[PDB]
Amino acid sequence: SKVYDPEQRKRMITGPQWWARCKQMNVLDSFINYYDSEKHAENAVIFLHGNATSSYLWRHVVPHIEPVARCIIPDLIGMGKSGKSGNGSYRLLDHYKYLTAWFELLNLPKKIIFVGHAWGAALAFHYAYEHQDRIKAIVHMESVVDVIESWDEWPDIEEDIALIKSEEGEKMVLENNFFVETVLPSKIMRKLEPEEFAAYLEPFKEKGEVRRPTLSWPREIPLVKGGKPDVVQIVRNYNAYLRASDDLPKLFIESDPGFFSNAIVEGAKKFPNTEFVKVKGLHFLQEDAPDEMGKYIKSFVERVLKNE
């Protein structure tokens, strides 16, 4: 494979280098792999990836925030180096079951800070809706902010989701690894070095059912027309909560030109007490502007801690 950027290779963190910095813990009938910076545990900043990725997504972002608060970054169940779900189901509520059980083992403070990307933001938002007294602040980006009606730059979203929900979508993902091999690199502006792509491919290198989480995630999409009713209700509930959460400081990181960002920025602006920043990127913006993102998050967390 070609290599691309001598400067990026100089500071690159491979899959094995990242995993060697992680911890593991049994959770319910399985286990979670996670990064835990440990220090400054009076606060906790929990970073949640979404589909196709793992805790590895945050590897160049977290160093900026670790000096200010304990940073904890799980691989969602069935993803990264975590164990598999006991029944092989990977819906939003399955992820939420393992995630919340893991939280109970971490010795968390009363009020937690969440940093969410994409479906990881949905998990944070649903946790917040159900634990409204446990939230210090929320950072979100390229996130599931609301139900999805008509996205101007994705006029075919309903047909594309119908394909993914059909048996053909199963072949695209389980046989051809569509989300890791096609969507992931297409929505990073730079070229990943081979070792970086290998870290994302590793959990899903074999064909078949091991790739189920990457198919189940898009099938959860909260489309008004045809979205899974339980997810649609979850998102409607947490959206209305966020719209009235005047006391809850938020940071929204817009991606320029972005992937979801164009459609969701209006929705993010409907949540009170939001600071707005912008970085270059498509969907997986951590791969294009990790240091700018890390510095913005660090500043935001520092301000939140000063004001309290």
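All residue numbers are counted from 1 along the displayed sequence.
Stretches compared: 195 to 203, 166 to 174. Higher mean C-alpha B-factor in the entry: 166 to 174. Here 26 to 34 and 260 to 268 are compared by their mean Cα B-factor, and 260 to 268 comes out higher.
When the C-alpha B factors of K39, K250, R243, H283 are read from the deposited coordinates, the top value falls at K39. Highest CA B-factor among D94, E130, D75, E159, as stated in the entry: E159.
The entry lists a Cα temperature factor for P185 that places it in the middle third of the chain's modelled residues. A44 sits in the middle third of its chain by CA B factor, as recorded in the PDB entry.
In this PDB entry, the Cα temperature factor of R211 sits in the middle third of its chain's modelled residues. Per the PDB record, residue ranking by Cα B-factor puts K111 in the highest third of the chain.
Among the modelled residues of its chain, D152 has a C-alpha B-factor that falls in the highest third, as given in the PDB entry.
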